[PDB]
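Trainee: The listed protein sequences correspond, in order, to chains B and A.
Under the authors' numbering, the residues of the first sequence are numbered 5 to 73, 82 to 214, in order.
Under the authors' numbering, the residues of the second sequence are numbered 5 to 77, 81 to 214, in order.
Each residue gets a CB set at the ideal place from its N, CA and C atoms; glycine is no exception.
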Amino acid sequence: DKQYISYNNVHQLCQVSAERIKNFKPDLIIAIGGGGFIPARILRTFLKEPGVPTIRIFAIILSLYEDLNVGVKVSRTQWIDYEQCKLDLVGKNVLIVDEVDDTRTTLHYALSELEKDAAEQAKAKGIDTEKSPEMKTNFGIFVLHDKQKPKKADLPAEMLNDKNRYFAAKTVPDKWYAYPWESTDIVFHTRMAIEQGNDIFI
Amino acid sequence: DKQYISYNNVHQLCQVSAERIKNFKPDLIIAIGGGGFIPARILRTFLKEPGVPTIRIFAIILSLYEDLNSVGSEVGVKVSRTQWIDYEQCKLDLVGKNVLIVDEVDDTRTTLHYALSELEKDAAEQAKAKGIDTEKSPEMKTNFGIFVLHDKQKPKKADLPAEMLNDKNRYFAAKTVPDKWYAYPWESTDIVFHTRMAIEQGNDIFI
Ligand SMILES: Nc1nc2c(ncn2[C@@H]2O[C@H](COP(=O)(O)O)[C@@H](O)[C@H]2O)c(=O)[nH]1
Ligand SMILES: Nc1nc2c(ncn2[C@@H]2O[C@H](COP(=O)(O)O)[C@@H](O)[C@H]2O)c(=O)[nH]1
Ligand SMILES: [Mg+2]
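(1) I'd like the list of long-range same chain contacts for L17(A), defined as Cβ closer than 7 Å, with 5 residues on each side in sequence excluded.
(2) So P185(A) is in the alpha helix (DSSP H); what residue range does that whole segment cover?
(3) Expressed to the nearest angstrom, what Euclidean distance is found between the alpha-carbon atoms of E23(B) and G39(A)?
(4) So which residues on chain B does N73(A) lean against when the C-beta distance must stay under 7 Å?
(5) Figure out for me which residue from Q7(B), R60(B), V109(B) has the closest Cα to the Cα of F179(B).
(6) Any beta carbon from chain B within less than 8 Å of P30(A)'s own beta carbon?
(7) With distances taken from CA atoms, which of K159(A), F151(A), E70(A) is nearest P168(A)?
(8) Express the C-alpha separation of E146(A) and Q7(B) in angstroms, rounding to a whole number.
(9) Once DSSP output is grouped into helix, strand and coil, what is the label at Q90(B)?
(10) So the beta strand (DSSP E) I34(B) belongs to, where does it begin and stop?
(11) On the three-pair Cβ rule with 8 Å, is the segment 45-52 of chain A touching the segment 132-144 of chain A?
(12) Could you pull the start and end residues of the beta strand (DSSP E) that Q133(A) belongs to?
(13) Which residue marks the beginning of the alpha helix (DSSP H) containing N13(B), and which one marks its end?
(14) Keeping to the same chain, check which residues put their C-beta closer than 8 Å to that of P185(B); ignore five residues upstream and five downstream.
(15) Name the residue from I9(B), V84(B), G55(B) whose alpha carbon lies nearest to the alpha carbon of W91(A).
(16) Is the CB-CB distance between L66(B) and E125(B) below 8 Å?
(17) I want to verify the contact list: residues of chain A whose CB lies under 7 Å from the CB of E194(B), in sequence order.
(18) Using 10 angstroms around the beta-carbon of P192(A), count the other beta-carbons present and answer buried if the total reaches 16, otherwise exposed.
(19) Taking DSSP as the reference, what is the three-state secondary structure of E111(A)?
(20) Pull up the distance between the alpha-carbon of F154(B) and that of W188(B), whole angstroms please.
(21) Any heavy atom of ligand 1 closer than 7 Å to the beta-carbon of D197(B)?
(22) For chain A, find out if any of its Cβ atoms is closer than 8 Å to the Cβ of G38(B); answer yes or no.
(23) Closest Cβ-Cβ distance between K98(A) and chain B: below 8 Å?
(24) Kindly say whether residue 80(A), judged by its beta-carbon, lies nearer than 8 Å to any beta-carbon of chain B.
(25) Verify the CB distance criterion: does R60(B) have a CB-CB separation below 8 Å to chain A?
(26) Go to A169(A), then tell me how far its alpha helix (DSSP H) extends in each direction, as first and last residue.
(27) Rounded to whole angstroms, what is the Cα-Cα separation between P57(A) and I34(A)?
(28) Since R45(A) contacts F62(B) with CB under 8 Å, what's their CB separation in whole angstroms?
(29) By DSSP, does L156(B) sit in helix, in strand, or in coil?
(30) Which residue's Cα is closest to the Cα of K98(A): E70(B), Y94(B), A122(B)?
(31) Under 8 Å, do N12(A) and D211(A) count as touching if we go by C-beta distance?
(32) Going by CA-CA distance only, name the one from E70(B), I59(B), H120(B), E111(B) that's closest to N105(B).
(33) Rounded to whole angstroms, what's the CA-CA distance from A122(B) to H15(A)? Just pull it up for me.
(34) With 8 Å set as the bound, which would you pick, yes or no: does the beta-carbon of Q133(A) sit closer than that to a beta-carbon of chain B?
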């Protein structure tokens with residue numbers, strides 16, 4: 005019942021999504037862990053317009069841990093040092109990238125944590141984003157697969173009902189998906205991907 | 005001419021390099037340009053063992069050139088980055104760490120020489136700031152390794168240390184290759200054509 009995804013499939017999924025993602029006009033990309041790292045790079049190829057610079061990709065890791073005497085908390089295993097990076101989130105379009113939305117908890121908390129970063133950086137400079145909305149950080153999400161299961165966590169209604177804020181390359185059935193970069197036998201992996209129709213689908 | 009490289013070819017190139025990269029024992033992997041992202045993440049999969057932590061991967065721009073819009077579908084395009092745009096980005100904790108620098112191709116070697124020099128300066132500056140003498144406590148040194156998919160058989164415009172190059176456990180080229188233009192699959196805007204050409208030229212599966 006495992007679904008095998010080939011590299012060529014992923015490439016195409018990023019290719020067909022790039023057009024609607026350009027409407028979001030991302031200023032930077034934040035790729036979650038090992039899953040978002042490659043999708044983010046492939047997107048970047050199709051986001052590059054003649055004349056405008058190659059946008060930065062930032063790699064983060066979120067580790068979730070359970071109740072501890082109202083919610084599941086997060087440790088920032090790998091984060092952005094905005095000080096040494098010289099990265100202002102204020103007034104930017106930020107695209108969060110991962111491979112799969114499963115229960116939606118990782119994306120929910122990644123967004124929550126990054127919204128915290130954005131607000132704290134704006135209040136440090138004395139900016140009220142509700143009085144001046146042009147300096148507000150605009151978050152978008154790109155994912156390859158959004159599993160059609162019931163979610164354990166939510167995303168903002170405004171972002172979730174907008175096709176120019178939330179970008180899921182393909183809404184897929186509730187199955188375990190094997191991504192090509194996770195494979196130690198890529199020949200077998202690709203054979204299965206072609207056989208299952210998870211390859212070169214156009 | 006133009007040599008098309010498939011994704012599956014890249015995967016296997018990382019596959020045959022992973023066991024010797026284990027001898028270097030990297031604490032982190034740094035992709036220094038667009039060509040290092042895919043190799044860096046595939047490596048992580050092959051470096052994983054039970055009872056061993058997952059290696060961290062970072063992308064830090066230390067590239068001298070770029071190629072994204074320019075494809076002949081001229082082909083052999085290397086455009087230097089304009090200094091009009093400040094590309095002095097993020098910093099990493101390098102002290103006491105084994106660092107694998109990853110890129111796709113060693114061409115004239117200017118990029119790797121530059122990246123190595125910059126990263127070596129960062130580490131030295133971090134060590135001095137913390138009050139560390141890396142000569143008195145050498146475990147605080149930063150050891151650098153380089154992994155590249157392709158290393159071109161041609162003159163080099165910049166040098167890497169001879170002792171590093173001579174050491175198969177410090178300079179890792181998956182394949183030493185003739186001076187041609189390599190089309191990498193993450194650069195393709197027509198992956199069907201790209202893969203088909205790669206298969207025709209024997210640049211797909213080889214294991
Ligand atoms: N390889 C793989 N990982 C998955 C899959 N579903 C969830 N995950 C893991 O769980 C994360 C998303 O889980 P969520 O937070 O949405 O429940 C992903 O980033 C990934 O690490 C899957 O189908 N295949
Ligand atoms: N796609 C592609 N890029 C190349 C090739 N040779 C050099 N480059 C570009 O130039 C960089 C290497 O620069 P050098 O080694 O000359 O300092 C690579 O990271 C890549 O951006 C090639 O054969 N194919
Ligand atoms: Mg490069």
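Mentor: Walking through what the data contain:
(1) Taking the first residue of the second sequence as position 1, residue 17(A) is located at position 13. So the qualifying residues of the chain are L156, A181, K182.
(2) Translated into positions along the second sequence, residue 185(A) becomes position 178. Unbroken run through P185(A) is the beta strand (DSSP E), 178-185; no alpha helix (DSSP H).
(3) Locating residue 23(B) in the first sequence gives position 19, counting from the first residue. Locating residue 39(A) in the second sequence gives position 35, counting from the first residue. Cα to Cα, the separation comes out at about 22 Å.
(4) Counting from 1 along the second sequence, the entry for residue 73(A) is found at position 69. The contacting residues are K52, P54.
(5) As a working note, residue 179(B) is residue 167 in the first sequence. Comparing C-alpha distances from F179(B) to each of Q7(B), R60(B), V109(B) shows the shortest one belongs to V109(B).
(6) Within the second sequence, numbered from 1, the residue matching residue 30(A) stands at position 26. So, not an interface residue.
(7) Here residue 168(A) refers to the residue found at position 161 when the second sequence is read from its first residue. Of the candidates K159(A), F151(A), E70(A), the one whose C-alpha sits nearest the C-alpha of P168(A) is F151(A).
(8) In the first sequence, the residue the question calls residue 7(B) occupies position 3. In the second sequence, the residue the question calls residue 146(A) occupies position 139. Spanning the two alpha carbons is a distance of roughly 45 Å.
(9) In the first sequence, counting from the first residue as 1, residue 90(B) sits at position 78. DSSP places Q90(B) in strand when its eight states are reduced to three.
(10) As a working note, residue 34(B) is residue 30 in the first sequence. 32-36 is the extent of the beta strand (DSSP E) around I34(B).
(11) no
(12) Working through the second sequence from its first residue, we reach residue 133(A) at position 126. Looking at the DSSP string, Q133(A) is not in any beta strand (DSSP E); the run it does join, the alpha helix (DSSP H), is 117-136.
(13) As a position in the first sequence, residue 13(B) is number 9, starting the count at 1. Element bounds for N13(B): 11-25.
(14) Taking the first residue of the first sequence as position 1, residue 185(B) is located at position 173. Cβ neighbours of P185(B) beyond the five flanking positions: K159, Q160.
(15) On the second sequence, residue 91(A) is found 84 positions in, with the first residue counted as 1. Here the closest residue by C-alpha is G55(B).
(16) Position 62 of the first sequence, counted from the start, is the residue given in the question as residue 66(B). Position 113 of the first sequence, counted from the start, is the residue given in the question as residue 125(B). Yes, these two residues count as a Cβ contact at 8 Å.
(17) Residue mapping note: residue 194(B) aligns to position 182 of the first sequence, counting from 1. Going along chain A in sequence order, the residues near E194(B) (Cβ under 7 Å) are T49.
(18) Position 185 of the second sequence, counted from the start, is the residue given in the question as residue 192(A). It counts as buried.
(19) Here residue 111(A) corresponds to residue number 104 of the second sequence, with the count starting at 1. Residue state, collapsed to three classes: strand.
(20) The sequence position of residue 154(B) within the first sequence is 142, counting from 1. The sequence position of residue 188(B) within the first sequence is 176, counting from 1. For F154(B) and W188(B), the distance between alpha carbons rounds to 19 Å.
(21) Mapped onto the first sequence, residue 197(B) falls at position 185. Not so, every heavy atom of ligand 1 lies at least 7 Å from the Cβ.
(22) Along the first sequence, read from residue 1 onward, the residue named residue 38(B) stands at position 34. It does: the Cβ of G38(B) has a partner Cβ on chain A nearer than 8 Å.
(23) By one-based count along the second sequence, residue 98(A) stands at place 91. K98(A) counts as touching chain B.
(24) Along chain A, the last residue before the gap is 77 and the first after it is 81, so residue 80(A) carries no coordinates.
(25) As a working note, residue 60(B) is residue 56 in the first sequence. Yes, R60(B) lies at the interface with chain A (some Cβ there is under 8 Å from its Cβ).
(26) In the second sequence, counting from the first residue as 1, residue 169(A) sits at position 162. Segment 169-172, the alpha helix (DSSP H) holding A169(A).
(27) Position 53 of the second sequence, counted from the first residue, corresponds to residue 57(A). Position 30 of the second sequence, counted from the first residue, corresponds to residue 34(A). So the two alpha carbons sit approximately 17 Å from each other.
(28) Start at 1 with the first residue of the second sequence, and residue 45(A) comes out as number 41. Start at 1 with the first residue of the first sequence, and residue 62(B) comes out as number 58. Incorrect: roughly 15 Å between the Cβ atoms, too far for contact.
(29) Counted from its first residue, the first sequence places residue 156(B) at position 144. DSSP places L156(B) in strand when its eight states are reduced to three.
(30) Along the second sequence, one-based indexing puts residue 98(A) at 91. Checking every option, the nearest Cα to that of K98(A) belongs to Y94(B).
(31) In the second sequence, residue 12(A) corresponds to position 8, counting from 1. In the second sequence, residue 211(A) corresponds to position 204, counting from 1. Yes, they are a contact pair.
(32) Here residue 105(B) refers to the residue found at position 93 when the first sequence is read from its first residue. Cα-wise, what sits closest to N105(B) is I59(B).
(33) One-based indexing of the first sequence puts residue 122(B) at position 110. One-based indexing of the second sequence puts residue 15(A) at position 11. Going from the Cα of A122(B) to the Cα of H15(A) covers about 29 Å.
(34) Reading the second sequence from its first residue, position 126 is the one you call residue 133(A). By this cut-off, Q133(A) is not an interface position.
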